[PDB]
Every structure is written in C-alpha cells, then in structure tokens.
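**Student:** Here it is, the structure, as structure tokens.
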Amino acid sequence: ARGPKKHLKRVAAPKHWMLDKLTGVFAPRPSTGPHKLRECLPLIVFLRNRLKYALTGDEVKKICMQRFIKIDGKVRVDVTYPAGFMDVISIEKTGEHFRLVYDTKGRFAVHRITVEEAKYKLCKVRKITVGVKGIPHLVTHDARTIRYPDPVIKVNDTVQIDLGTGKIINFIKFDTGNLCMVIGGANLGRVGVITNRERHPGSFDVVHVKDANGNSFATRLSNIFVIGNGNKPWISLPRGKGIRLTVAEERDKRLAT
Amino acid sequence: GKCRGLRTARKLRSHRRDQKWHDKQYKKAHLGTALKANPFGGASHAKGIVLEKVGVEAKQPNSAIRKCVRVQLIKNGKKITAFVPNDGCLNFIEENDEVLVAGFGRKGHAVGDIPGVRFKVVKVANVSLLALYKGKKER
Amino acid sequence: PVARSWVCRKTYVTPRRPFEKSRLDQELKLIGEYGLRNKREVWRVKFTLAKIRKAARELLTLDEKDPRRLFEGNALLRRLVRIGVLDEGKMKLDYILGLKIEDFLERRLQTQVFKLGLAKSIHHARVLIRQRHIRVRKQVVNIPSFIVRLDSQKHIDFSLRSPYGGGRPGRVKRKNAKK
Amino acid sequence: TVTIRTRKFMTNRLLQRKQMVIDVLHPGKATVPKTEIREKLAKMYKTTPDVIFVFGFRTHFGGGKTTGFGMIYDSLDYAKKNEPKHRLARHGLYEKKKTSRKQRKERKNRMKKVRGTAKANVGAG
Amino acid sequence: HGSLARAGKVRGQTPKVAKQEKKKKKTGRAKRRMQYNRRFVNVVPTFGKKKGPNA
RNA sequence: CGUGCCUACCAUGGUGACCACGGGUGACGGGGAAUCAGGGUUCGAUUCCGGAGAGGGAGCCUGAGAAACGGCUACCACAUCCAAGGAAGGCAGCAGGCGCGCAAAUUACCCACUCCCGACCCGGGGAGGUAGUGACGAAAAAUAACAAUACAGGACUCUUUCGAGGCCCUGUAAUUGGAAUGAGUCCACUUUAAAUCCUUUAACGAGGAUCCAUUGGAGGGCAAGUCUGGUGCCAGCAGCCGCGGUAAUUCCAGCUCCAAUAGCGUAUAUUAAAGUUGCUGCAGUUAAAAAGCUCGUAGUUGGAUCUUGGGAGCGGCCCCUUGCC
Ligand SMILES: [Mg+2]
Ligand SMILES: [Mg+2]
Ligand SMILES: [Mg+2]
Ligand SMILES: [Mg+2]
Ligand SMILES: [Mg+2]
Ligand SMILES: [Mg+2]
Ligand SMILES: [Mg+2]
Ligand SMILES: [Mg+2]
Ligand SMILES: [Mg+2]
Ligand SMILES: [Mg+2]
Ligand SMILES: [Mg+2]
Ligand SMILES: [Mg+2]
Ligand SMILES: [Mg+2]
Ligand SMILES: [Mg+2]
Ligand SMILES: [Mg+2]
Ligand SMILES: [Mg+2]
Ligand SMILES: [Mg+2]
Ligand SMILES: [Mg+2]
Ligand SMILES: [Mg+2]
C-alpha cells in the first residue's frame with residue numbers, strides 16, 4: 001500500500017464491538033486518538049448500537065455536532081472520536097452519566113455512575129522522563145502528558161486524575177496485595193488481587209492474580225490496571241466484583257432465571 | 001524391511017516421493033506430456049469443423065461399420081475422428097458444420113467395439129443430436 | 001465488495017449404494033407409514049440422527065468429569081427433552097444411541113396431529129397442514145416438517161379458517177348457483 | 001376493532017422525542033394504512049396527529065401482529081430538524097422536484113470542461 | 001472404406017404406432033402412497049415363494 | 001537510520017548430498033474449501049489479512065505519505081482527429097462492445113442503509129445499496145388431492161352363514177360434497193429514496209379439453225419384460241461383460257413396469273471406494289520385485305548399569321536420599 005489506511009471492514013472489525021454481518025460492508029474506522037484501535041470503542045457504536053439512542057448513524061452526527069455529548073467534561077465534535085478503558089462519558093441536557101469498564105465476558109457495558117464520580121478518573125502510568133531544565137514528566141495510556149507529577153511514582157503505577165483542572169491527586173503504587181483489573185488478552189474483564197509477579201530480563205514480566213473464591217489467572221504487565229488499595233476498589237464496579245462465573249455457572253444462572 | 005526410527009522422516013518422504021511416479025494415474029496427472037499431447041487441451045468439450053464423413057471397421061467378435069466425422073479443431077488444430085451416436089445423425093451432419101464434441105468413458109481409451117475413435121458428437125450448429133433425434137427443433 | 005452472507009448446509013445425504021432391495025423396502029414402508037413426500041425428507045431425519053450420534057460419540061469419548069462433556073451432554077439432553085424424543089428419565093448418553101429413526105417422524109407435526117385428532121388420515125392431514133387449517137398458539141403454521149416442542153404439544157386450534165372460523169370460500173359458488 | 005400497543009418506549013430529550021415499538025393487532029382486516037394508525041396513536045397519547053411519525057412493517061403470517069417504529073415529537077421545528085428528508089417527503093415538507101441522474105454529473109463535466117463566466121452560463125442554463 | 005449409404009435404415013423402416021392416450025399418473029406424494037399400498041398392505045395374503053412385479 | 005547500499009584498501013572467503021546452485025509450474029501466499037473410522041489426498045483466480053501491476057519497461061515533480069498511472073517525461077507496440085502545420089490517448093474501476101473460446105448478467109434506479117473525504121449538521125461517492133438476467137449452488141415446498149356414497153379385484157376378527165362388516169387396501173375417465181386451497185387475473189395497504197418482491201385482505205379462480213412432471217432405464221453388475229410388431233453380424237445398442245448372422249429377455253417403435261423427483265442424463269478435473277502409494281497400512285521363492293559379492297563415509301539405529309522400601313495423618317505431606325545454599 002501507499003501510506004496510511006483510511007477504511008476498516010465490518011468483518012475485520014474487532015469482536016467486542018458486537019457488530020452485525022448483514023448490515024453493511026464498512027465498519028466505522030475510529031479516528032486516530034489516545035487509544036489504540038484494538039482496545040477502543042467508537043462513539044457512533046456507543047450511541048447507536050448499544051444504548052439505542054439513535055437508529056441511524058447520521059443522527060449521532062447530528063446530536064454530537066449539536067454539542068449534547070461531552071467526553072471527560074468537554075464536547076467532542078467528532079462522530080468517531082475513539083474512547084478507551086476507564087473514560088468519563090457525560091451527557092448534558094439529559095441527566096445521564098457513563099463510565100467505560102469491562103464486562104466479565106470481555107465487552108464494554110453501561111455503568112450509570114453519578115457526577116461525584118464524573119469528577120474522578122483513574123489512569124495508568126505508561127512511562128516517566130525528564131525534559132527541559134530538569135523537570136519531570138509522566139505519560140498516561142490515555143496520552144496525557146503531565147509535568148511535575150511526584151517523585152514517588154513507579155513506572156507501572158496508577159494515578160487518579162481530575163478532569164476539572166487536569167492535575168493529579170491521590171496516586172496508588174504497584175505492590176503485592178493490590179486489587180487490579182485486566183484490560184487485555186484472553187482474560188480481560190477479570191478483577192483480582194496481585195499475588196506474585198515474576199520479572200524476566202526478556203522484556204516481558206508475568207503477574208499471577210487471585211480474586212474472591214480463590215480462582216487464579218496470569219497475564220502480562222501492559223494488560224494490568226491497578227484498581228484498588230488492598231482489596232478496596234477506588235471505583236464502583238458493575239455486577240459484583242465482575243467475577244467470571246463458569247460456562248456451567250452461566251447456564252445454572254439462566255436456568256435459575 | 002521398512003525403516004521405523006524417529007529421525008527417518010526424510011528418508012521416508014524422499015523414497016515415497018520417488019516411488020509415487022511409477023503409478024500411471026499420477027504420472028499422467030503430473031507429467032506434462034499427457035496434457036500437451038492429446039487434443040481438447042484437458043477440457044471437457046471442443047468445437048470443430050466437419051472435414052469429411054468416415055466409416056470405419058469394427059473389431060472381430062462384433063463386425064460392423066461405425067460412422068464418424070473427421071474434425072479440424074478450432075482450438076488446437078489437430079484432426080480427430082469422432083463417433084456419431086444414433087441411427088440417423090449422419091444425415092443430420094453435413095459438410096463443414098460447427099460441431100461440439102466430448103469423450104466417451106475415459107480419455108485414454110476408446111470404446112470396446114470401436115478401434116481408434118475416442119470422441120462423441122454432442123451438438124451440430126448449437127443443437128443437440130438428442131433434440132435432432134426425438135423430434136426437437138431442427139438443424 | 002459485497003457482504004451479505006455465504007453459508008450453506010445440506011440437511012440431505014445421498015446414501016452410497018443406489019439399488020438395495022432391503023433399503024428400498026425399509027424406506028418405502030417408512031414413507032407409507034408416516035406419510036412423507038419423497039425420500040429427501042426421509043434422509044433429512046437420517047442426517048439429523050447421524051449428527052446427533054456423532055455428537056454423542058464425541059461426548060462418550062471423553063472422561064466423565066470433563067466440563068465440556070458435562071455441559072454439552074446436558075445441553076443435548078435438554079434439546080432432546082424439549083423435542084420429545086426422550087423421557088425425563090434416562091439422562092445417560094448411551095440411551096441417545098439407543099434411539100431409533102422413527103421417533104423424529106413420530107414427533108413431527110402431522111403425526112402428532114393425527115394422534116391428537118382433528119386430522120382424519122395422514123394423507124389428508126398433509127392437505128390440512130398445507131392449506132391453512134392447523135395452528136400453533138398465535139403463529140399460524142404452513143410447514144409440514146415441524147418439530148412439535150413437548151412443552152407446547154397441545155395448542156392446535158385455528159381461527160378464521162373455513163371449518164372452524166367461518167366464511168364462504170367456494171361454497172359461495174354453490175350458493176350463487178342455488179340462487 | 002384494531003389494537004395498537006407500545007412495547008418498548010425510549011425517552012430521548014437529546015432530540016426532544018419519544019420512540020416506541022408499535023404492535024398493531026389483526027384478528028380481522030388487512031394491514032392498516034398510515035392514516036388510522038397515526039390517528040389511533042395520537043388519540044391514545046392525546047397529542048396532535050401532524051407530528052407523530054411511524055415507519056417499517058412486517059406481517060406475521062395470517063392476521064397477527066405488525067411491528068413498527070414510531071417517533072413522537074413535541075415541536076414542529078424539532079420534527080423538521082431531526083428527521084431525514086425522505087420521511088419528510090411523506091408529508092411533503094421537503095422536495096427536490098426533479099431527481100434525475102446525468103444532470104448533476106453532466107453539470108460536473110461541463111463545468112470541468114470550461115472555466116469561469118461561460119462555465120456559470122452553461123451550468124446554470 | 002465401406003458404404004456410407006445405409007443410415008437410419010431401421011428407424012426409417014420402423015412402422016409408426018400411434019401414441020395412445022394414458023391417464024395422468026399421480027405425482028409425488030400420491031405416487032409414493034400408491035407405491036406403498038400396491039405392495040405392502042394387500043400382498044401379504046399372497047405367499048412368499050413366487051414373485052410377479054411385471055410379466 | 002543499521003548494513004558490501006556504494007567507493008577505496010586489505011584478508012580469501014560463503015553454500016552444498018541434512019539436497020546447494022539451476023530448470024518447470026496450466027504457483028500469487030495465508031485464514032480456508034471439497035472429501036466422512038482414524039491417518040490423509042486434492043484445490044485455495046475470488047468478498048478477510050498481506051503483496052504486486054495498471055499495454056511492456058525506464059525516469060520524475062508535488063506532497064507527511066507515490067517511482068502514483070481516472071499525475072507527469074521519453075522509447076517501444078497499438079490507436080484517434082487532422083486544414084498535414086500538429087493535438088489528445090491507457091476500462092486488469094462501473095455498465096456496454098470486438099476478439100477469444102467449452103465457459104459467463106442491464107450502457108438501469110438511489111445516496112435512504114453501511115461507512116469514507118473536504119472548510120464542513122447541508123456537498124459528493126458506478127465505494128456501496130435496490131431492482132432486472134440468473135437451473136452456479138442451497139433451504140422450504142403443491143404439482144390436483146381429500147374424507148366420502150356405491151360396484152366389489154377381494155384380504156381380514158370369526159359364526160354350517162352362500163356375511164355381521166361401528167376395520168380395510170385399491171381399480172373405479174362412476175357420482176357427491178368439503179365445493180377445502182393454491183398457481184395465475186387483478187383493487188387497497190404495507191414495503192422503499194422511488195417503486196418491486198414476500199406477508200395481509202377484498203373480487204375471480206377444478207372436474208379429466210383438466211390449471212397435464214419429466215429425466216433416464218428394464219440380460220448380469222443394478223432396482224425393473226424370458227410382453228407385442230418390424231429389423232436379419234445390416235442397422236445399431238452397450239462406460240465393461242457382451243447382443244444382433246429369421247423367433248433379439250439387449251437395436252427400432254407401442255404397451256406395462258422400475259428409480260429419483262421440480263432435476264435427471266452426459267463429458268471432464270478431482271476425492272473416497274484404493275490395505276491397487278500402504279507411517280498407522282502393501283509386496284519382493286514361483287505372479288512385478290532382494291543389487292553378483294564385499295568394504296565403506298554421510299544418513300539411520302545403538303546392550304545393561306547410577307534415588308529405596310517407609311513414616312505422620314485420615315479415609316495430599318516429610319524421610320531413614322525429597323530442592324542445595
Ligand atoms: Mg489498495
Ligand atoms: Mg475403457
Ligand atoms: Mg570494490
Ligand atoms: Mg502464473
Ligand atoms: Mg472427511
Ligand atoms: Mg482427517
Ligand atoms: Mg486483496
Ligand atoms: Mg502501484
Ligand atoms: Mg487509482
Ligand atoms: Mg481506466
Ligand atoms: Mg438410452
Ligand atoms: Mg425396449
Ligand atoms: Mg433385478
Ligand atoms: Mg453409457
Ligand atoms: Mg500389492
Ligand atoms: Mg516366470
Ligand atoms: Mg518374476
Ligand atoms: Mg556412518
Ligand atoms: Mg542404552
């Protein structure tokens with residue numbers, strides 16, 4: 001090919017957008033943004049498909065450019081501005097407010113938390129550096145660059161970030177015994193306590209997690225988002241602690257009805 | 001006296017790949033001379049032009065004279081005697097007509113009663129001999 | 001390019017031997033008993049039975065404590081219970097292999113209709129299920145080879161239809177002649 | 001005689017509208033036209049008939065239920081602004097009055113041939 | 001080599017016979033029904049030695 | 001940017017019987033498809049990922065991004081208009097045409113869905129979507145039945161019955177109804193951008209001229225004719241075996257049957273059948289096959305032997321060896 005692509009096929013769309021076969025040939029390709037396309041979620045899919053706010057796609061383009069939808073406190077003019085894990089979606093004229101977390105199966109869900117939690121947002125530290133004249137800098141997976149954060153922030157930590165002023169408040173570090181949530185891989189949407197991490201010099205460390213009722217998984221560092229401080233979640237979480245049940249437990253739940 | 005060690009997969013594959021050639025079906029499937037020697041170019045049917053009407057002998061336990069058409073091929077350019085099936089149809093074939101032809105039962109062999117004719121006439125001037133036989137349309 | 005769907009399942013198997021005297025007699029007496037159309041909708045039942053037998057042997061292959069064996073075994077048993085081939089009893093996998101052919105034909109639409117009356121001779125039941133004269137709950141049925149689910153099994157009652165609903169569909173001819 | 005029920009009822013004050021899934025029942029007559037459905041829904045919601053829109057219908061194989069999507073609008077400005085113009089076209093508010101091809105494209109190629117004033121001349125008349 | 005004169009000799013010399021009227025054979029389901037009823041339900045009085053499906 | 005990517009100097013190296021190098025491919029590669037014990041074998045032009053090329057082949061400006069071709073420059077091969085002085089061309093984009101063949105659809109409608117681009121809620125999109133052709137293939141499925149009355153070709157429970165028939169199968173070109181209901185003929189809704197198609201509903205719409213199921217076959221394999229008339233090793237049939245030379249169970253016709261059924265015959269590539277390519281799983285005295293014999297490297301295979309009984313505790317842990325520091 002010649003330069004960057006500019007489309008995306010409906011079949012080539014990722015699985016968790018819950019898109020259909022017979023509908024159309026083209027998937028919405030999300031805009032270039034602060035989240036990768038394998039992990040993102042388009043606004044046209046969010047308003048159109050799941051919430052059933054708008055039947056057609058064009059109605060979403062009408063309402064967003066009539067300024068009803070804001071992301072992280074401010075209005076995004078785009079119809080396909082990409083979202084990400086742990087982002088604030090607020091809606092102004094109708095009293096409604098949304099949070100993006102993961103279902104136990106691996107999908108985005110609806111979580112109608114209040115304006116008190118609209119104020120507060122979590123985020124993961126990507127890396128840390130120093131710039132001009134000896135000042136520090138922290139980089140977020142949400143592509144926030146913030147200077148003078150703290151001296152006591154490790155690379156793989158979690159910062160609670162404010163969307164009013166954009167300045168940090170009340171960080172939390174990475175330690176054995178913290179409650180984390182999985183954002184990637186085959187076990188996404190799993191919430192559990194970090195048990196034991198193994199460090200390899202081969203650039204990819206592993207982490208074992210346990211949760212309530214003792215089931216244990218394992219994953220890699222970039223798939224990990226620290227959510228709590230010693231089995232205490234900072235943010236309310238949908239469907240219990242979001243534990244994956246079993247195939248048999250899902251069947252028995254739907255038989256219990 | 002086979003070979004059965006764990007590290008002998010190369011010897012087994014090379015010996016089987018050598019000994020696969022002596023089968024006649026495989027060697028005429030994947031040796032080029034079977035494709036580029038016969039007519040039809042490996043296809044089902046071919047068109048041609050009637051060159052002449054030829055009667056040929058039959059074999060010895062059953063003696064008759066079979067009725068065939070010599071054909072210049074449109075596609076390749078090789079001359080072919082082709083058998084004309086039913087009671088009539090020698091009257092239905094005239095000189096210099098577009099004739100569609102096919103094989104009989106296997107392309108490497110003729111039929112039993114016929115010496116060297118390998119080919120069967122299906123249509124003449126885009127009309128089948130079946131339709132020409134049981135009252136259907138015309139030439 | 002275009003994207004609508006491309007998927008194609010043949011619920012249909014040509015048997016291998018073409019001309020078997022015993023096979024022809026068995027399928028002919030099967031046709032004559034359960035009143036079918038042609039042997040393609042006989043071979044439908046054979047293909048469904050073969051699919052269920054392959055699933056059953058793949059389940060009997062694995063170990064008893066295996067979660068896939070437990071889940072798919074209970075699921076196949078629930079499907080067969082909802083159809084009405086099995087009892088609510090023998091939930092082993094080997095009884096599924098103990099099943100014969102005729103059970104699916106016995107649990108078709110028109111055969112259960114003929115057992116439940118209002119039918120009068122299977123070949124006339126063919127007409128009664130084609131011409132809109134036999135129903136199921138609130139969605140009126142046209143199709144003969146229907147799988148009567150055991151939990152419904154009873155609601156065969158048909159409104160706005162010539163022997164039960166009312167109307168002059170072709171007796172209008174006779175009574176205009178009697179005018 | 002005919003019965004209209006609403007199954008699923010969305011409130012959308014982003015658009016100032018209310019959406020519903022409409023089941024029209026039929027033990028009797030054929031599929032009801034656009035007029036009487038609109039009047040029966042406008043009476044059972046007690047609003048004006050010229051502002052409620054409804055579209056899309058199947059039929060469940062012998063009498064049965066026909067399922068539709070119904071927009072209920074408060075204001076006529078919101079009706080004119082939030083609707084597609086083809087659903088305006090049933091009530092006649094929007095028209096283009098000559099929907100032919102080769103017109104737009106032959107104007108494009110004649111404007112691509114020449115330039116400026118005579119371009120405006122040929123492309124406008 | 002041999003003479004190409006005789007062609008369609010037998011089919012020409014064959015005397016024609018008028019294709020007399022047949023009743024319409026019942027089709028599909030009704031055909032299979034009389035296939036069943038012709039041999040499975042009233043041939044059990046006959047004995048199992050001889051066979052007579054056409055003669 | 002890293003590099004024999006290129007220059008200069010210096011060293012003489014690198015690969016290969018574990019298949020190098022070189023030819024062939026009717027070879028674009030995968031995700032996949034067909035084929036059913038298991039193991040495989042044969043395709044993958046093609047809707048998704050990725051690569052390549054816009055007649056061959058070379059060069060280049062702009063631009064973040066091209067060796068772009070619905071951008072440019074020259075040559076070669078075509079080819080248009082020429083007032084002969086010169087101009088423009090690139091459908092392996094969408095329809096459509098010529099040629100080639102065994103082999104393939106309408107110069108349609110629309111941005112309403114899907115998404116994409118631009119300054120931008122509005123523009124535009126043969127990308128797409130809808131209709132028309134469409135027996136590539138698939139699914140579901142009537143084709144005139146259906147219960148009847150009557151005649152019985154007569155079977156069956158059984159009574160001397162030479163029949164009670166509260167069961168029956170079937171032929172009734174026999175009658176009667178349900179005159180069931182459909183295909184077509186058309187109003188009106190809906191469907192849709194605009195229609196169409198399906199569903200719904202009104203009015204028609206069946207008594208054998210009906211509103212008509214064919215395709216093959218009837219010696220064996222192989223289900224089904226030792227029926228009839230012609231034909232006389234002629235014609236012809238037959239995938240093989242074979243038939244035909246005056247009685248043809250096989251040709252040609254008619255009649256009766258047989259098989260599948262809105263799909264059957266044919267030709268061809270190919271898979272199973274084929275344990276007739278065999279690793280599971282073949283042969284090698286005589287049928288095809290053990291080299292004339294022996295040494296011999298690469299390959300392949302390679303004797304035995306080095307950590308054990310127990311203990312605690314019910315009904316997995318430690319040691320008397322059981323992770324060292
Ligand atoms: Mg491309
Ligand atoms: Mg042969
Ligand atoms: Mg040099
Ligand atoms: Mg090639
Ligand atoms: Mg298979
Ligand atoms: Mg296999
Ligand atoms: Mg591609
Ligand atoms: Mg290119
Ligand atoms: Mg291009
Ligand atoms: Mg072009
Ligand atoms: Mg024949
Ligand atoms: Mg005959
Ligand atoms: Mg036989
Ligand atoms: Mg043949
Ligand atoms: Mg052998
Ligand atoms: Mg010998
Ligand atoms: Mg020998
Ligand atoms: Mg050696
Ligand atoms: Mg050893």
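Readers should treat all values here as calculations from the given coordinates under stated rules, not as data from a laboratory. When we count neighbours, we look across all protein chains shown, and the Cβ atoms used for this are built from the backbone with ideal geometry, even at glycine.
**Student:** Of these, D:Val32, D:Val51, D:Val114, D:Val2, which one is within 30 Å of A:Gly95 (Cα to Cα), away from chain C (no Cβ under 14 Å) and not aromatic (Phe, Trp, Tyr)?
**Tutor:** None of the other options fit; the residue is D:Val51.
**Student:** Among the residues in the range B:32-55, are any away from ligand 2 (no atom under 16 Å from the Cβ), of a type in the set (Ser, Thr, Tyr) and part of a loop (DSSP other than H, G, I, E, B)?
**Tutor:** yes
**Student:** Provide a single number: the residues in the range B:76-112 that are closer than 26 Å to B:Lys28 by Cβ, surrounded by 13 or more Cβ atoms within 10 Å (Cβ to Cβ) and within 11 Å of RNA strand F (Cβ to nearest atom).
**Tutor:** Result for the range B:76-112: 10.
**Student:** Also, I was wondering about something else. Residue check: is B:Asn62 more than 14 Å from chain E (Cβ to nearest Cβ) and over 17 Å from the mean Cα position of the chain (by Cα)? Step through it out loud before you land on a result.
**Tutor:** Numbers: more than 14 Å from chain E (Cβ to nearest Cβ): yes; over 17 Å from the mean Cα position of the chain (by Cα): yes.
It is true that B:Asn62 is more than 14 Å from chain E (Cβ to nearest Cβ) and over 17 Å from the mean Cα position of the chain (by Cα).
**Student:** Scan the range A:90-102 residue by residue and report those that are surrounded by 17 or more Cβ atoms within 10 Å (Cβ to Cβ) and in a loop (DSSP other than H, G, I, E, B).
**Tutor:** A:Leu100, A:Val101
**Student:** Is it true that A:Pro4 is part of a loop (DSSP other than H, G, I, E, B), away from chain C (no Cβ under 14 Å) and within 7 Å of RNA strand F (Cβ to nearest atom)?
**Tutor:** yes
**Student:** Report those helices (runs of 4 or more DSSP H) wholly inside the range C:25-127 carrying at least 1 residues which are over 30 Å from E:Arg38 (Cβ atoms) and away from every other protein chain (no Cβ under 14 Å).
**Tutor:** Once the helices (runs of 4 or more DSSP H) in the range C:25-127 are filtered for at least 1 residues that are over 30 Å from E:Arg38 (Cβ atoms) and away from every other protein chain (no Cβ under 14 Å), what remains is C:40-61, C:67-83, C:94-98.
**Student:** Quick one: B:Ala102 ticks every box in (1) closer than 19 Å to B:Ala46 by Cα; (2) more than 16 Å from ligand 2 (Cβ to nearest atom); (3) away from every other protein chain (no Cβ under 14 Å) except a single one, so which number is it?
**Tutor:** So the condition that B:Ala102 fails would be (2).
Every residue, every condition in (1) within 14 Å of chain C (Cβ to nearest Cβ); (2) of a type in the set (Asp, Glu); (3) assigned to a strand (DSSP E or B), yes or no:
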{"site": "D:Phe69", "(1), (2), (3)": "no, no, yes"}
{"site": "D:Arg87", "(1), (2), (3)": "no, no, no"}
{"site": "D:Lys96", "(1), (2), (3)": "no, no, no"}
{"site": "D:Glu106", "(1), (2), (3)": "no, yes, no"}
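Residue-by-condition table, conditions (1) aromatic (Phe, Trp, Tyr); (2) surrounded by 11 or more Cβ atoms within 10 Å (Cβ to Cβ); (3) within 6 Å of RNA strand F (Cβ to nearest atom):
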residue	(1), (2), (3)
B:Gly1	no, no, yes
B:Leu6	no, no, yes
B:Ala9	no, no, no
B:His15	no, yes, no
B:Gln19	no, no, yes
B:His30	no, yes, no
B:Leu35	no, yes, yes
B:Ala43	no, no, yes
B:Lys47	no, yes, yes
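**Student:** Which residue out of A:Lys52, A:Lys93 is touching a residue at least 24 places away in the same chain (Cβ under 8 Å) and farther than 26 Å from A:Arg144 by Cα?
**Tutor:** Every option except A:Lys93 fails the conditions.
**Student:** What pairs come out if I take residues in the range B:46-68 that are more than 20 Å from E:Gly8 (Cα to Cα) and pair them with residues that are of a type in the set (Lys, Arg) and outside any loop (DSSP other than H, G, I, E, B) whose C-beta lies under 7 Å away, six or more apart or interchain?
**Tutor:** Every condition considered, the pairs that remain are B:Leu51/B:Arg70; B:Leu51/B:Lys79.
**Student:** For the list (1) outside any loop (DSSP other than H, G, I, E, B); (2) loosely packed, with under 12 Cβ neighbours inside 10 Å; (3) among the β-branched types (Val, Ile, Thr); (4) within 14 Å of the chain's Cα centre (by Cα), I need the number of the one condition that C:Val172 fails.
**Tutor:** (4)
**Student:** Let me ask you something else. Can we say A:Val60 is near RNA strand F (Cβ under 9 Å from one of its atoms) and farther than 26 Å from D:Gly68 by Cα? Don't jump to the end; show me each part of the working.
**Tutor:** Working: near RNA strand F (Cβ under 9 Å from one of its atoms): yes; farther than 26 Å from D:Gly68 by Cα: no.
So A:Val60 does not fit the description; no.
**Student:** Moving on. Name the single residue, out of those in the range B:117-139 being more than 13 Å from chain E (Cβ to nearest Cβ), free of Cβ contacts under 8 Å to residues at least 12 places away in the same chain and of a type in the set (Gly, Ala, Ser), that is farthest from ligand 2 (Cβ to nearest atom).
**Tutor:** Among those residues, the one meeting the criterion is B:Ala131.
**Student:** Just need a number here: residues in the range D:1-46 that are under 22 Å from D:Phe61 (Cα atoms) and of a type in the set (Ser, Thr, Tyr).
**Tutor:** Restricting attention to the range D:1-46, the residues satisfying the condition of being under 22 Å from D:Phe61 (Cα atoms) are D:1-7, D:21-34, D:36-37.
If we keep only those that are of a type in the set (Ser, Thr, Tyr) as well, we get D:1, D:3, D:6, D:31.
The total comes to 4.
**Student:** Just to verify a result, which residue in the range B:105-116, among those that are more than 18 Å from B:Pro61 (Cβ to Cβ) and in contact (Cβ under 8 Å) with a residue 24 or more places away in the chain, is nearest to ligand 2 (Cβ to nearest atom)?
**Tutor:** Only one residue fits best here, namely B:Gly108.
**Student:** Hey, another quick one. Within the range D:38-50, restricting attention to residues that are among the hydrophobic types (A, V, I, L, M, F, W, C) and surrounded by fewer than 17 Cβ atoms within 10 Å (Cβ to Cβ), which residue is nearest to RNA strand F (Cβ to nearest atom)?
**Tutor:** D:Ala42
**Student:** How many residues, within the range A:36-67, are out of contact with any helix residue (DSSP H, G or I) (no Cβ under 6 Å at 6 or more places or on another chain) and either within 17 Å of D:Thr11 (Cα to Cα) or more than 9 Å from chain D (Cβ to nearest Cβ) (or both)?
**Tutor:** 21
**Student:** Name every residue in the range D:45-78 that is over 17 Å from D:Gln16 (Cα atoms) and in contact with a strand residue (DSSP E or B) (Cβ under 7 Å, 6 or more places away or on another chain), in order of residue number.
**Tutor:** D:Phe55, D:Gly56, D:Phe57, D:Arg58, D:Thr59, D:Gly63, D:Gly64, D:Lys65, D:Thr66, D:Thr67, D:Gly68
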